[PDB]
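Student: Protein sequence lines correspond, in order, to chains A, B, C and D.
Just so we're aligned: the first sequence equals residues 2 to 380 in UniProt numbering.
Just so we're aligned: the second sequence equals residues 2 to 380 in UniProt numbering.
Just so we're aligned: the third sequence equals residues 359 to 716 in UniProt numbering.
Just so we're aligned: the fourth sequence equals residues 359 to 716 in UniProt numbering.
The beta-carbon is built from N, C-alpha and C at its ideal position, and this holds for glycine as well.
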Amino acid sequence: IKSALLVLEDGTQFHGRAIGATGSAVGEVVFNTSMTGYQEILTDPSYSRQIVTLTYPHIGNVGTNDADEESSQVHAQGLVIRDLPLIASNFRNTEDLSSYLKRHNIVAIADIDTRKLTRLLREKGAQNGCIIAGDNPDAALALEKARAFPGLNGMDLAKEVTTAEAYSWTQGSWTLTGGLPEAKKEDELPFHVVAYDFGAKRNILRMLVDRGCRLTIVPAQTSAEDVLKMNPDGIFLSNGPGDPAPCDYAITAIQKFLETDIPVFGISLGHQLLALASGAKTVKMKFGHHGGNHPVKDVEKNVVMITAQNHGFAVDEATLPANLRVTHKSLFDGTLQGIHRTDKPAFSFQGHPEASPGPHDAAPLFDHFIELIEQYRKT
Amino acid sequence: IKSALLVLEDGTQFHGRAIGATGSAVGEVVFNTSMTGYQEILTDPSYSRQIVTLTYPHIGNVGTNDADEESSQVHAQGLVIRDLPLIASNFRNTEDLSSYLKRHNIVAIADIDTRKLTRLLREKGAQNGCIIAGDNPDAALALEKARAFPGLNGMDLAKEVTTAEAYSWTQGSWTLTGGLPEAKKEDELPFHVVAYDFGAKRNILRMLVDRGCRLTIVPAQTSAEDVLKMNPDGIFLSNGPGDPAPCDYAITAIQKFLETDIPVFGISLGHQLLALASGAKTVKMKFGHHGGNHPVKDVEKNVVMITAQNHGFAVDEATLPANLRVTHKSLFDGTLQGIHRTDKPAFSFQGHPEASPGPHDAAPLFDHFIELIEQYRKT
Amino acid sequence: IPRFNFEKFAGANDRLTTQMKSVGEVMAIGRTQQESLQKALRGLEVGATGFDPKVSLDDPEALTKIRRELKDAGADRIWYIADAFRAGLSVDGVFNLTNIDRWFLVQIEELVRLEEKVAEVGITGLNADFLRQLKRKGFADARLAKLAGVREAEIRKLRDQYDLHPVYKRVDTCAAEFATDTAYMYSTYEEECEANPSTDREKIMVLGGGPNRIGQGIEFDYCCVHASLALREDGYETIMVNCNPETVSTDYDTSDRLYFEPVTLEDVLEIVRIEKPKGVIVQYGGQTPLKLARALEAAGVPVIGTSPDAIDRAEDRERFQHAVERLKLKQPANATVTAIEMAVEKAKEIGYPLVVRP
Amino acid sequence: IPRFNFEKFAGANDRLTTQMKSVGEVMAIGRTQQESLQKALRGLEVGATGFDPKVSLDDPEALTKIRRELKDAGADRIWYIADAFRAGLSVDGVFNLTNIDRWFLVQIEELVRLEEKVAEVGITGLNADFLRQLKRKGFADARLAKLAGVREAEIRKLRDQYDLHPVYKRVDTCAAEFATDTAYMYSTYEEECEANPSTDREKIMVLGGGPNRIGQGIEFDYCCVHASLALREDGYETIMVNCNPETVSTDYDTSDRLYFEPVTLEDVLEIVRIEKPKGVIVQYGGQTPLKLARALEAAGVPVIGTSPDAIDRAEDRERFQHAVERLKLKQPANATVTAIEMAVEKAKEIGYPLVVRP
Ligand SMILES: NC(=O)CC[C@H](N)C(=O)O
Ligand SMILES: NC(=O)CC[C@H](N)C(=O)O
Ligand SMILES: NC(=O)CC[C@H](N)C(=O)O
Ligand SMILES: NC(=O)CC[C@H](N)C(=O)O
Ligand SMILES: [Cl-]
Ligand SMILES: [Cl-]
Ligand SMILES: [K+]
Ligand SMILES: [K+]
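This is the structure we're talking about:
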């Protein structure tokens, strides 16, 4: 028998089985409703310091593989599931879930009532928690660790996951037939985009490459001055963990960009960051949006899109500057989902146009960003 | 495909498959003829800094279990085998050999011409060597590490494996029925024996208790004086790694003990120490004695025993002081195997009376020690 | 799981192909696949309590039949799959013959192995921990009963002793991301219960007929729906119990509370246990609920309408012949033969033509 | 491996028990169990090249037969086991049936799996890396051939190409801990060769008959020894090639050099390759070596004594009658019939009684 235990800040206990590394894990606890894409989810840097509970009972049905990694490592702090399948069954698999977790040194627990946990988080709101996996899991210790967690509000995590030094990205999207492409050649990409790495997902980069952008991935703290020096065709603000709020450096730099005519586009954290620099305020949601079936209306066109969501903070629509027009809203809760600067070539989306995992409905968000870029090169 | 490679000093290579931990291992390469007892061998402290090559092709047929552990960890530097069996098929098995190796972080290779290696070692003599298990083992590097190795000659290993502090041992031997018995209450054991841990094998301790001895395991460098304070019923000198010659502390101590009337008994390393202490000299064997089919003759009785052997150095019969009588001799090569002090209740054996693994044929040597103690106490 | 009726079509090709031959279907929900599958099996209305064997272990010819049943699927294949694992067939072996994803196969085999342990330890080895694990895998009391070699009520007794009962989760289209006001539930062995029965009203429970079969169709369902709609309109809190996905009865709008469960004694007692209804109707879903009436009544269920016994009176050839007699009514000549020659004689008595009812 | 003769005892009970019924036995030496096991199978003299199949894959009744053979062992059980794996039975299942330790069974299963690969990839897929893997497992040329749909020679040539040849290790009683002056060797696919053939003496090779069976006893072995004793005495370097553990022929004292190997074309050729004898005697070991003579000579083996053809002359029913004719000798009236009715006519010719040879 391999025990494991999960304890919430409020004292709630969940007893299960250890399916990953031996040890302890602490972080904010969340639930994601994605029936597929667990690997992608686990490898999302945005999940840094969060303990991920999956609502879909059977997690690991397809094992894992490299192409399904959205970053170089597993960023989730811990994984909480209802059931770990006996086997992985998919031509794409290269290593079973449990093995993968152990490899990445992830504390994970299975066999617990994830529905009870979900309903609790929904009703009471997010909560920090601690998973302990080992011979005899100390429930009082776990509760200690959880209660001591500083929490995500006001925590800059973007500076934690970002890249140390700048680098290039010219690799495109995966294909069933060919797999993951060989990185393009610089001369094979018309546009040059500078992307701020706030803990950026690979799919965003790949997709941008798919649309003809050669990329320069820059550390979160990179000054606007340094960027501007590279003569960007466009500036992109990646997704990532924590509160956008405390990221002074980014906001500052962005404001700078906003003085210029360089097109700016941001996704999730980048949306937030954009809104902040534009003088809007960001709030911490009760429980957030974590899943792949979230309806978002494009208010302009009056069309709905099924989207992939992964965020705990939002832009207050009621503090939006007049220079910030609303472009999309959640059909689930009415929360702000998109904005466009009425006076600048800058826009952002709260959701994940790049999906991975999730529906491709929002990818056209990218196209607009290309538009701007094309136009900008016109001038 | 998990490569592994073994290179020797002479630059002789062995391409294999990795069955243990990833990484590299370096030391003296030896060969052992035991067809059973792999686990016990591996966990033999006497093997510290030594790479173990087993002659019997199929190693791991019976998996592993705790009760077959001769010490707390695997002391052998690395493991070289012909074949690692698909499975372990033993009711006593608790963990497959590969897993076990990995667990203990041991670099080990299989699928090599273990016979060719054996003949080499037998013909040319021991050789230092290096194993490299990894994605693309570097021959050159392995040869470098191999040649770089300092060499066991003159190397005190006893001080590296001995216990930090002193302790009490009151546990006896295993039984098919009973398994490993609970540790005996101190008031239960008739005699008190003080044993110097030069990297002492558990079985020796167990077999002593089995004979009514309570034990005090003492750090190698322990002083004679400290010892004599405990008022020992008898003193025991264990087996252990490296050269016995550099062991100045012990020799001196033993000499002290040798002025006394306390009965003294040493095994293997302990036997070499006892001989140095008495005035003789040791020598490093060409390849030594590593197997469990070694015939030794009790020259006094003129009887033969099949004995367990693990030793690369030896007591030169030619330098024996006169206070040192020859008790046993190897039937294989004619080498010294046992001695008795003509003037003191002091004797030692070059082979392993405690076996594990191997023939119980030499067990009665213990009996004699007892006899000395029983008689001592008579006084 | 589809429901078939081959037995009714003697001369028919009973192999499954691209042309549908099923006459109905059952559905089940569980927190796990094993649980989900097992529940479906015991709610199939074929006499199955889960993975009941089809071939004996000591039949030398077993593997041959098993092989045939796997290679060329009939309605019994699901059961032959477990028998295959029982007989020493590997998952790969079974895969090559059936082409059913290993992901599912490995799960069935696990059930078998567990079944093997139960068989081995007997009812004595059925500690609270092990029995809970079993229930979580969807094992029916009836199935455990058989392996342990005891009556089903014994397994159920045990659960009451360990306080081993299921909880009810609700369907909500959104993995609990939003709250619901509907009461569409299923049982499972988990921690939190979402039933939250009312103490408020007088409840009426209506038992459906499970999957439809020939002779047990929609007609019965229709009757079941009407009961619900009527009593609900009259002011009762209506509870519907059924697991036929095709029907209006399993439409959350048809009743105040819907339990999409196997219509078995085990499943129904658990719901009654917490609902504590005022009355239960067993007379409208056909054979399925009718066959439960007696056990239900005896387990202490407030069955309403025509009593179990009365029904029995009528269904039992004997009790009936006796009533008819008593009323002085006309009934065709009849006999109850045991042997051949006995019937020849009796036949002589009764007269040809004859109607021979097994 | 024991050698049996049940086909000579039609009425006999061919199942294995506590009373011996084997007539002989063969032995093999391998650096691994797999190698050792397969070598023995191929030296058994029963027409096997290793784990040749007993029942067909498309046979509906196949799992039944296999099961029987596994539960109540016969002399063919070893073959039925591999067949069990092919047919999808699991190690555990086989074990439950045979009680043979899994340690052994798993190795056979491996072999069956590799076998499968071969089959699939054909000769094309027989790269040097793989072929060498297969060789180290004990696979015989003839076995791989069958799998890949080629002549045994094709595999052999293939090996010659990759310069894929076994090495010979010696027996010394002490796991190489000590040097030997004895020349007792076995083939394996390893690195270092211990053969060290002399360039010195004229060498004469004697091929034994393998395991004894009825009709091929010690009598032939007696001969073989005598050949060795004699020629050695005469000053030739004598080389025995036999794998019968019971005989004097496999006593290291009987010859200068002893190769304890399967008396097969493959194995022999390999020894001749490095030995390059002056001559090879195949007329003393009985049917085993005899049947090899033709192929050996063709492969360029220096077959001494009565030529293989000459031999054939005698053995061939037709080649012989001719010679008899030629010598104007008396032979019983014979006829070669194809059909029944043919016989009856031809029989009337010859005359009863008759001796019907297949
Ligand atoms: N998904 C992201 O890129 C960031 C979301 C942001 N960190 C939040 O939790 O609201
Ligand atoms: N095994 C022992 O006790 C003695 C070993 C010693 N280190 C040697 O090589 O001689
Ligand atoms: N089961 C219930 O009664 C749930 C009530 C509440 N509305 C919820 O969805 O949590
Ligand atoms: N193979 C041989 O010719 C043996 C040579 C030598 N006597 C040895 O034992 O290595
Ligand atoms: Cl729980
Ligand atoms: Cl090698
Ligand atoms: K649990
Ligand atoms: K090799």
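(1) Using DSSP with H/G/I as helix, E/B as strand and the rest coil, what is residue 367 of chain A?
(2) The alpha helix (DSSP H) spanning residue 583 of chain D covers which residue range?
(3) Is there at least one Cβ from chain D nearer than 7 Å to residue 447 of chain C's Cβ?
(4) Under the criterion of a Cβ to heavy atom distance below 6 Å, does residue 313 of chain B qualify as lining ligand 2?
(5) Go ahead and pull the three-state DSSP assignment for residue 377 of chain C.
(6) Go through its chain and collect everything with a Cβ distance to residue 546 of chain C's Cβ below 7 Å, but skip five positions before and after it.
(7) From what residue to what residue does the alpha helix (DSSP H) around residue 680 of chain D run?
(8) Please confirm whether any heavy atom of ligand 5 lies closer than 6 Å to the CB of residue 139 of chain B.
(9) Under a CB-based cut-off of 7 Å, is residue 390 of chain D close to chain B?
(10) Tell me, please, whether the CB atom of residue 421 of chain C is closer than 7 Å to any CB atom in chain D?
(11) Could you pull out every residue in the same chain whose Cβ sits closer than 6 Å to the Cβ of residue 289 of chain B, ignoring the five residues on either side in sequence?
(12) Does DSSP put residue 571 of chain D in a helix, a strand or coil?
(13) At least one CB of chain D closer than 7 Å to the CB of residue 298 of chain B: is that the case?
(14) Between residue 553 of chain C and chain A, is the shortest Cβ-Cβ distance under 7 Å, so that the two count as touching?
(15) Just checking: is the beta-carbon of residue 44 of chain A within a distance shorter than 7 Å of some beta-carbon in chain C?
(16) Note down, in chain order, all residues in the segment 522–548 of chain C with a beta-carbon under 8 Å from any beta-carbon belonging to chain A.
(17) Strictly below 7 Å CB to CB, what residues from chain C border residue 426 of chain D?
(18) From residue 362 of chain D to residue 564 of chain D, what distance separates their C-alpha atoms?
(19) For residue 320 of chain A, which residues in the same chain have their Cβ closer than 7 Å to its Cβ, ignoring the five residues on either side in sequence?
(20) Verify the CB distance criterion: does residue 34 of chain A have a CB-CB separation below 7 Å to chain C?
(21) Return the residue from the list B:334, B:252 and B:237 that minimises the CA-CA distance to residue 310 of chain B.
(22) Indicate, with yes or no, if ligand 6 has a heavy atom lying under 6 Å from the CB of residue 468 of chain C.
(23) For residue 4 of chain A, which residues in chain C fall below 8 Å Cβ to Cβ?
(24) Just the Cα atoms here: how many angstroms apart are residue 91 of chain B and residue 452 of chain C?
(25) Heavy atom of ligand 6 less than 6 Å from the Cβ of residue 114 of chain B, yes or no?
(26) Could you have a look at residue 51 of chain A and say whether DSSP puts it in helix, strand or coil?
(27) Tell whether a beta-carbon distance below 7 Å holds between residue 242 of chain A and residue 377 of chain A.
(28) Quick one: which residues of the segment 68–96 of chain A get their C-beta closer than 8 Å to a C-beta of chain C? List them in chain order.
(29) Residues in its own chain within less than 7 Å of residue 227 of chain A by CB, not counting five upstream and five downstream?
(30) Which chain D residues sit within Cβ distance under 8 Å of residue 117 of chain B?
(31) Alpha carbon to alpha carbon, how far is residue 589 of chain D from residue 578 of chain D? Give it in angstroms, no decimals.
(32) Quick one: does residue 674 of chain C have its CB under 7 Å from some CB of chain A?
(33) Does residue 644 of chain C get closer than 7 Å to chain D when you measure Cβ to Cβ?
(34) Find the nearest neighbour of residue 57 of chain A within the set A:350, A:177 and A:117, judged by alpha-carbon distance.
(35) At 8 Å on the CB atoms, spell out the chain B contacts of residue 460 of chain D, in chain order.
(36) Around the Cβ of residue 680 of chain D, are there at least 16 other Cβ atoms within 10 angstroms (buried) or fewer (exposed)?
Tutor: By the coordinates alone:
(1) If DSSP states are grouped into helix, strand and coil, residue 367 of chain A belongs with the helices.
(2) 576–591
(3) Nearest CB-CB separation between residue 447 of chain C and chain D: below the 7 Å threshold.
(4) yes
(5) coil
(6) 388, 389, 393, 524, 525 and 527
(7) 675–685
(8) Exclusion of residue 139 of chain B from the 6 Å shell around ligand 5 follows from its C-beta lying no nearer than that to any non-hydrogen atom of the ligand.
(9) yes
(10) yes
(11) 312 and 313
(12) strand
(13) Residue contact with chain D for residue 298 of chain B: absent (no Cβ-Cβ distance below 7 Å to any residue of chain D).
(14) no
(15) no
(16) 527, 532, 533, 534, 535, 536, 537 and 548
(17) For residue 426 of chain D, the residues of chain C that pass the 7 Å Cβ criterion are 418, in the order they occur in the chain.
(18) 25 Å
(19) 281 and 282
(20) yes
(21) B:334
(22) no
(23) What residue 4 of chain A touches in chain C: nothing, since even the nearest Cβ is about 13 Å away.
(24) C-alpha separation (whole angstroms): 29 Å.
(25) yes
(26) strand
(27) no
(28) 83, 84, 86, 87, 88 and 90
(29) The beta carbon of residue 227 of chain A lies closer than 7 Å to none in the same chain, with the five residues before and after it left out.
(30) 548, 549 and 550, listed in chain order.
(31) 17 Å
(32) no
(33) no
(34) A:117
(35) 88 and 90
(36) exposed
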